[PDB]
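Structure 1 and structure 2, given next as structure tokens, are two forms of the same protein chain, each shown alone.
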Structure 1
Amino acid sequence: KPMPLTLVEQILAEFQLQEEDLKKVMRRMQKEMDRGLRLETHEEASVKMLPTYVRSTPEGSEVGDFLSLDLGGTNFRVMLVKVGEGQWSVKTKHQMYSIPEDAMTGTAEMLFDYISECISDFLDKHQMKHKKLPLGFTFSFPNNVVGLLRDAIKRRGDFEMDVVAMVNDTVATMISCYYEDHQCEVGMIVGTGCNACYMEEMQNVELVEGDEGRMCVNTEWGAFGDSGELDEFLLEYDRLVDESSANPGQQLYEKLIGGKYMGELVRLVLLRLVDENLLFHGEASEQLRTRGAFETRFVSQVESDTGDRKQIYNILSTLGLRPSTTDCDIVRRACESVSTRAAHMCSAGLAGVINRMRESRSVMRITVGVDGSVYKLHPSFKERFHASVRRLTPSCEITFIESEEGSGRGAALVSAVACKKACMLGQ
């Protein structure tokens, strides 16, 4: 690597977070998680620590047979599932259906009429119209669906079917990863938003009576920062993003991490560098000066550049810029600075959860299931994230996994849990 321009590095170094900074954040997050779990303070807590009712012990045992409906981009899978017996066997049969142009381009109602017709055909094929099966949705993308399907089934009026509430995406991640690795007790998403769930000791889940076993808690930790917990770490860019957001003052933690805001943060950093005459010869394009024009996907593409600067040039050319080679290199480092800080901030949260779990259970081996566009698509984000988390979690051995599509059985397990939960809750 070349000797970087000192004045650029001074600006980009603003994003640095030292171990002590992350430990401070981690401790603050842990106090907010405490606040969310306790009966006395839950109502006012910003980090809600929602009980998911997904317990460490099997429940809804009367749910044996169910449907799982996996929504892809332009097709879907209907799957009939039987969960049986000491670890669960997940027995399946399924069918892929292509969504025709007709059904994909009309109203959501018409689309779900078509989906319902396919379910009907599927149940006819497998001679299952004698049962009112529960159905859970899963998503495998490269108005809400529960309601649309519920309405469409009512519309048909020929077979009865319950559509169960979906679990949170973090919970779905944990469950699907658990299918592959039974030490998975944490689910996390780093996509457009950022969130985590984990298996909390029932004694600490004060919102649900009982001290036996564990229950998954959905932290909804994106809301962290409400009372200034992150203020000392906020940069001018963060303040601007927040001020122009739909919910100023809220979701400040998520605003530091999520793909919703990452590109915009980079844009503002680039404009700062332009204003200081360190980038594009002090001349920004009209596109560069337009809110939202630097898409988060551009950040990942810039960091994917192989060294020839062609990926970076193509992004910047699209923005009406004619970057020099130095301009391209600076943009890469600006992207790296923002994404690294996101990884650092995210690691403080997960570290807080993991260290809490270790002390609640009193060295800990644990698997963390992770999904989301940023974690998956962003070059080296997961690697930087992993390294930081591990640095903050001494005496824990953390394995990170991503759900493998496989034969859809991980997704089937998500639906099993969703259906069993709905049964347990009297829905």
Structure 2
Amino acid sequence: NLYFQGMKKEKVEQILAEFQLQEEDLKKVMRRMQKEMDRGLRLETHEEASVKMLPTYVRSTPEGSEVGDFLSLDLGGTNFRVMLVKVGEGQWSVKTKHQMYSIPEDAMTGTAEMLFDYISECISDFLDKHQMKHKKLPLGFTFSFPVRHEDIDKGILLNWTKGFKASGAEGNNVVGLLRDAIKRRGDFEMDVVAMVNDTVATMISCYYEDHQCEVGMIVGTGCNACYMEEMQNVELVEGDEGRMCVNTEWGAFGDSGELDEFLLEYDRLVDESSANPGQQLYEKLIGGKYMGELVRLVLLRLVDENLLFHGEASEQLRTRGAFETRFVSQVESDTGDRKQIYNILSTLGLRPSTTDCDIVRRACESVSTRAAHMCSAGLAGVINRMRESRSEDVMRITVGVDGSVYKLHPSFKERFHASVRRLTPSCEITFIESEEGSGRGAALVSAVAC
């Protein structure tokens, strides 16, 4: 009964229809986000604002930078990265040496001491591999978490995000935590000259092939953005001349109820089983840490309604984090014959039919399209805000982008761009993907700082 396959697919659609957002739902999200951005920039409203709009102390144009050898660090994912970059006049910057280290779970959710102990050890090993523990290299730290800066080289951790939990770190100076751990070893000795967010590093690295780049966006494990604000609008910092980079931390949009009309059963479940429940709600709609898991929960509801896999879920389907976000990419990469969907599901202990496979594709499409559209309301907000703070009628702007979801998902990018463009009339937006953008961005900022 091919009649009874399509009826299963008609009911799957009534459920999937819940992930739709109309163009006016997006304009509403966009307005409300723009409203939170305003509140985050104001001294009077900053403390209660869910979008924090944090000053980064990376000021518009700089004066002259030093040249030579820098060491970049990158902490934010489930891996920590070290790299040596050569900066030179032309401004230009090149990746010379690189090395990535997997983070022991016990350093993610143990103590700050443990975490930065592990970080320092990696730095010690790296410098050995390349006999470098003697030149006192200037160190740039890309640290992908909300920080309140007093300066380029001094700022405190506001709260962890993305499942990080190391105790004894929130409220403390992050650069100090790094410096202490280095000194605990006898390493040693780096001049830590700059700490930046990954959005910031990505914008800075894209700037040199395109001077129009004044926005940085990350859509990886988490989702965030930064942009060049007018110093007159940054009430938290002294001075009204020139421009400064602002770290939106827009992931926390919705933490005071701003997205409530849009949250689904699946989002509440994802929020409630997370390391930070009630927090980073906008990010949990978009980021790759949460995307596959959201798809998993849709498949469980489809299984419970007798619409999928004969109404039975494998032990693998019922385990946390088992539908990887990469599987969302790989399912939507399928070229029509269902073989990629088949092997993913088969490896998950399921016995899928042709129509099971197609339904799983529809679930992935529903979840990632929503992410793409929710994300576009954020960027459009930022860019509409920037058009309105400036004098020209048409704003010509470049956006620097990194993150595995934007980069590796076969169609996120195209859905995302088209939606941004419907929401940003009178803007001409160029999107560029960064090349080793964190490390190169950190060293470039460091060269000006020292």
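Along the sequence of structure 1, residues get numbers from 1 upward. Here, rigid core means the biggest group of C-alpha atoms that superpose within 1.5 Å across both forms.
Participant: Following superposition of the rigid core, which of 315, 230, 133, 205 is the only residue with a C-alpha displacement of 2 Å or more between the two structures?
Facilitator: Once the cores are aligned, the residue moving by 2 Å or more is 133.
Participant: Using a superposition on the rigid core, decide whether the Cα position of residue 116 changes by 2 angstroms or more between the two structures.
Facilitator: Comparing forms between the two structures, the residue 116 CA shifts at least 2 Å.
Participant: Does the C-alpha of residue 181 move 2 Å or more between the two structures once the rigid core is lined up?
Facilitator: The answer is no; the displacement is under 2 Å.
Participant: Does residue 261 move its CA by 2 angstroms or more between the two structures when the core is aligned?
Facilitator: Result for residue 261: no, shift under 2 Å.
Participant: After superposing on the rigid core, how many Å does the CA of residue 93 move between the two structures?
Facilitator: That residue's C-alpha sits 11.4 Å away in the other form.
Participant: Keeping the rigid core fixed, work out how far the Cα of residue 219 travels between the two structures, to one decimal in Å.
Facilitator: Here the C-alpha difference is 0.5 Å.
Participant: Relative to the superposed core, report the C-alpha shift of residue 404 between the two structures in angstrom.
Facilitator: Core-aligned C-alpha shift comes out at 3.5 Å.
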